[PDB]
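Just the one chain here, the form deposited in one PDB entry, laid out as C-alpha coordinates.
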(Lines give C-alpha, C1' and ligand atoms only; values in the text may rest on other atoms or scores of the structure.)
Protein backbone atom coordinates (compact mmCIF):
# COMPACT_ATOMS: atom_id res chain seq x y z
CA UNK A 1 0.00 0.00 0.00
CA UNK A 2 1.02 3.59 0.52
CA UNK A 3 4.16 4.72 2.31
CA UNK A 4 4.61 6.80 5.45
CA UNK A 5 5.81 9.68 3.25
CA UNK A 6 2.65 9.52 1.13
CA UNK A 7 0.57 9.49 4.34
CA UNK A 8 2.40 12.62 5.59
CA UNK A 9 1.73 14.43 2.26
CA UNK A 10 -1.97 13.43 2.29
CA UNK A 11 -2.27 14.58 5.89
CA UNK A 12 -0.84 18.00 5.00
CA UNK A 13 -3.15 18.31 2.00
CA UNK A 14 -6.15 17.52 4.19
CA UNK A 15 -5.17 19.41 7.40
CA UNK A 16 -3.25 22.49 6.25
CA UNK A 17 -4.15 25.60 4.24
CA UNK A 18 -2.82 25.78 0.64
CA UNK A 19 -0.25 28.56 0.34
CA UNK A 20 0.37 28.72 4.13
CA UNK A 21 3.78 27.33 4.94
CA UNK A 22 3.36 27.63 8.71
CA UNK A 23 0.18 25.45 8.55
CA UNK A 24 2.14 22.89 6.53
CA UNK A 25 4.89 22.67 9.16
CA UNK A 26 2.32 22.38 11.92
CA UNK A 27 0.45 19.61 10.08
CA UNK A 28 3.66 17.62 9.55
CA UNK A 29 4.70 18.01 13.20
CA UNK A 30 1.23 16.97 14.45
CA UNK A 31 1.20 13.91 12.25
CA UNK A 32 4.66 12.87 13.32
CA UNK A 33 3.91 13.43 17.02
CA UNK A 34 0.52 11.72 17.06
CA UNK A 35 0.66 9.12 14.30
CA UNK A 36 4.06 8.04 12.92
CA UNK A 37 7.57 9.30 13.70
CA UNK A 38 9.54 10.50 10.65
CA UNK A 39 12.98 11.99 10.10
CA UNK A 40 11.91 15.60 9.48
CA UNK A 41 14.13 18.13 11.26
CA UNK A 42 11.11 18.92 13.51
CA UNK A 43 10.06 21.94 15.48
CA UNK A 44 12.77 21.99 18.23
CA UNK A 45 15.70 22.05 15.83
CA UNK A 46 13.52 23.92 13.30
CA UNK A 47 13.31 26.90 15.65
CA UNK A 48 17.11 27.03 15.77
CA UNK A 49 17.21 26.87 11.93
CA UNK A 50 14.77 29.71 11.75
CA UNK A 51 16.96 31.86 14.01
CA UNK A 52 20.05 31.12 11.86
CA UNK A 53 18.23 31.84 8.56
CA UNK A 54 16.95 35.14 9.91
CA UNK A 55 20.42 36.16 11.12
CA UNK A 56 22.08 35.57 7.71
CA UNK A 57 19.25 36.20 5.19
CA UNK A 58 20.95 34.00 2.61
CA UNK A 59 20.30 34.65 -1.09
CA UNK A 60 21.29 31.15 -2.21
CA UNK A 61 20.95 28.06 -0.02
CA UNK A 62 21.91 24.46 -0.85
CA UNK A 63 20.18 21.66 1.06
CA UNK A 64 21.52 18.12 1.02
CA UNK A 65 18.61 15.77 1.79
CA UNK A 66 15.03 16.92 1.23
CA UNK A 67 13.09 13.91 2.53
CA UNK A 68 9.44 15.17 2.51
CA UNK A 69 10.28 18.85 2.18
CA UNK A 70 9.86 19.93 5.79
CA UNK A 71 13.19 21.71 6.08
CA UNK A 72 12.80 23.13 2.56
CA UNK A 73 9.44 24.64 3.57
CA UNK A 74 10.93 25.88 6.83
CA UNK A 75 13.85 27.67 5.10
CA UNK A 76 12.07 28.83 1.95
CA UNK A 77 9.27 30.51 3.91
CA UNK A 78 11.87 32.85 5.51
CA UNK A 79 13.81 33.71 2.34
CA UNK A 80 13.59 37.21 0.93
CA UNK A 81 11.94 37.85 -2.43
CA UNK A 82 14.14 36.52 -5.18
CA UNK A 83 16.30 34.34 -2.85
CA UNK A 84 16.56 30.66 -3.80
CA UNK A 85 16.95 27.21 -2.37
CA UNK A 86 18.40 24.23 -4.25
CA UNK A 87 17.68 20.89 -2.57
CA UNK A 88 19.35 17.60 -3.52
CA UNK A 89 17.36 14.36 -3.04
CA UNK A 90 18.64 10.95 -4.12
CA UNK A 91 15.34 9.09 -3.62
CA UNK A 92 12.93 9.77 -6.49
CA UNK A 93 9.79 9.01 -4.47
CA UNK A 94 10.93 11.51 -1.84
CA UNK A 95 11.80 14.06 -4.52
CA UNK A 96 8.20 13.79 -5.78
CA UNK A 97 6.75 14.14 -2.25
CA UNK A 98 8.99 17.17 -1.64
CA UNK A 99 7.87 18.84 -4.89
CA UNK A 100 4.21 18.30 -4.00
CA UNK A 101 4.79 19.58 -0.47
CA UNK A 102 6.39 22.76 -1.80
CA UNK A 103 3.61 23.18 -4.34
CA UNK A 104 1.01 22.90 -1.63
CA UNK A 105 2.90 25.41 0.56
CA UNK A 106 3.07 27.84 -2.42
CA UNK A 107 6.89 27.93 -2.28
CA UNK A 108 7.59 26.25 -5.63
CA UNK A 109 9.00 29.42 -7.24
CA UNK A 110 11.71 29.65 -4.55
CA UNK A 111 12.94 26.07 -4.59
CA UNK A 112 14.46 23.74 -7.15
CA UNK A 113 14.49 20.05 -6.26
CA UNK A 114 17.33 18.11 -7.76
CA UNK A 115 16.92 14.31 -7.87
CA UNK A 116 20.49 12.61 -7.70
CA UNK A 117 23.44 11.91 -5.45
CA UNK A 118 25.36 14.82 -3.92
CA UNK A 119 28.70 13.50 -5.17
CA UNK A 120 27.36 13.65 -8.73
CA UNK A 121 25.38 16.90 -8.51
CA UNK A 122 27.75 19.13 -6.52
CA UNK A 123 30.32 19.22 -9.40
CA UNK A 124 27.51 20.32 -11.73
CA UNK A 125 26.29 23.30 -9.71
CA UNK A 126 28.44 25.94 -11.37
CA UNK A 127 28.08 25.04 -15.04
CA UNK A 128 24.65 23.39 -15.09
CA UNK A 129 22.84 25.34 -12.33
CA UNK A 130 24.68 28.68 -12.76
CA UNK A 131 25.87 28.84 -9.14
CA UNK A 132 28.80 31.08 -8.25
CA UNK A 133 29.15 30.56 -4.48
CA UNK A 134 26.72 29.42 -1.84
CA UNK A 135 25.58 31.56 1.10
CA UNK A 136 24.42 28.66 3.24
CA UNK A 137 24.40 24.88 3.13
CA UNK A 138 22.04 22.69 5.17
CA UNK A 139 23.42 19.17 5.60
CA UNK A 140 20.76 16.52 6.25
CA UNK A 141 21.60 13.59 4.00
CA UNK A 142 23.75 10.51 4.71
CA UNK A 143 25.67 11.25 7.89
CA UNK A 144 28.86 9.69 6.50
CA UNK A 145 28.70 12.14 3.59
CA UNK A 146 28.82 15.37 5.61
CA UNK A 147 32.62 15.47 5.65
CA UNK A 148 33.32 14.30 2.07
CA UNK A 149 30.70 16.67 0.67
CA UNK A 150 32.06 19.61 2.65
CA UNK A 151 35.48 18.89 1.11
CA UNK A 152 33.91 18.53 -2.34
CA UNK A 153 32.09 21.83 -2.01
CA UNK A 154 35.39 23.47 -1.19
CA UNK A 155 37.20 21.72 -4.09
CA UNK A 156 34.51 22.88 -6.53
CA UNK A 157 34.91 26.53 -5.45
CA UNK A 158 31.38 26.76 -4.05
CA UNK A 159 32.31 28.14 -0.60
CA UNK A 160 33.18 31.77 0.07
CA UNK A 161 34.33 33.62 3.20
CA UNK A 162 31.29 33.58 5.43
CA UNK A 163 29.41 30.63 3.83
CA UNK A 164 27.33 29.09 6.65
CA UNK A 165 27.21 25.29 6.95
CA UNK A 166 24.37 24.11 9.23
CA UNK A 167 24.41 20.39 9.95
CA UNK A 168 21.54 18.29 11.36
CA UNK A 169 21.98 15.16 13.47
CA UNK A 170 25.52 15.77 14.58
CA UNK A 171 24.74 13.84 17.79
CA UNK A 172 22.07 11.34 16.64
CA UNK A 173 22.74 9.45 14.45
CA UNK A 174 25.95 11.47 14.72
CA UNK A 175 28.62 12.76 12.42
CA UNK A 176 31.86 12.30 14.35
CA UNK A 177 34.32 12.74 11.52
CA UNK A 178 32.64 15.93 10.27
CA UNK A 179 32.56 17.41 13.78
CA UNK A 180 36.19 16.58 14.54
CA UNK A 181 37.24 18.02 11.20
CA UNK A 182 35.41 21.34 11.26
CA UNK A 183 36.09 21.94 14.95
CA UNK A 184 39.80 21.32 14.40
CA UNK A 185 40.17 23.33 11.20
CA UNK A 186 41.27 26.95 11.10
CA UNK A 187 39.09 27.25 7.97
CA UNK A 188 35.89 26.96 10.04
CA UNK A 189 34.40 28.86 12.95
CA UNK A 190 32.05 26.46 14.72
CA UNK A 191 29.15 26.66 17.13
CA UNK A 192 27.07 23.84 18.59
CA UNK A 193 23.32 24.31 19.20
CA UNK A 194 22.11 21.61 21.56
CA UNK A 195 18.56 20.43 21.06
CA UNK A 196 16.46 17.27 20.69
CA UNK A 197 15.91 14.66 18.05
CA UNK A 198 12.75 15.40 16.12
CA UNK A 199 9.63 14.38 18.04
CA UNK A 200 11.62 12.60 20.81
CA UNK A 201 13.09 13.26 24.23
CA UNK A 202 16.55 12.30 22.94
CA UNK A 203 19.40 14.85 22.80
CA UNK A 204 20.57 15.92 19.35
CA UNK A 205 22.06 19.12 18.00
CA UNK A 206 22.91 21.30 15.04
CA UNK A 207 26.42 22.42 14.19
CA UNK A 208 27.05 25.73 12.52
CA UNK A 209 30.43 25.88 10.76
CA UNK A 210 31.23 29.17 9.03
CA UNK A 211 33.82 28.89 6.26
CA UNK A 212 36.77 31.30 6.65
CA UNK A 213 38.55 30.75 3.29
CA UNK A 214 41.62 28.55 2.69
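Numbering follows the first chain given and starts at 1. Between two forms, the rigid core is the largest collection of C-alphas that superpose within 1.5 Å.
- Taking the mean C-alpha B-factor of each stretch as recorded, 138 to 146 and 106 to 114 are not equal, and the higher mean is that of 106 to 114.
- In this crystal structure, the stretch out of 75 to 83 and 89 to 97 whose C-alpha atoms carry the higher mean B factor is 75 to 83.
- The PDB entry gives the largest Cα B-factor of the residues 47, 33, 169, 40 to 33.
- Among the modelled residues of its chain, residue 203 has a C-alpha B-factor that falls in the middle third according to the deposited record.
- Ranked against the other modelled residues of its chain, the C-alpha B-factor of residue 157 as given in the entry falls in the highest third.
- When the CA B factors of the chain's modelled residues are split into thirds, the value for residue 26 lands in the highest one.
- Per the deposited record, the Cα B-factor of residue 10 falls in the middle third when ranked against the other modelled residues of its chain.
- In the deposited entry, the Cα temperature factor of residue 174 sits in the bottom third of values across the chain's modelled residues.
Heads up, the form deposited in another entry isn't pictured, but that's what we're talking about next.
- Here residue 196 counts as shifted, since its C-alpha moves by at least 2 Å between the shown form and the other one after the core is aligned.
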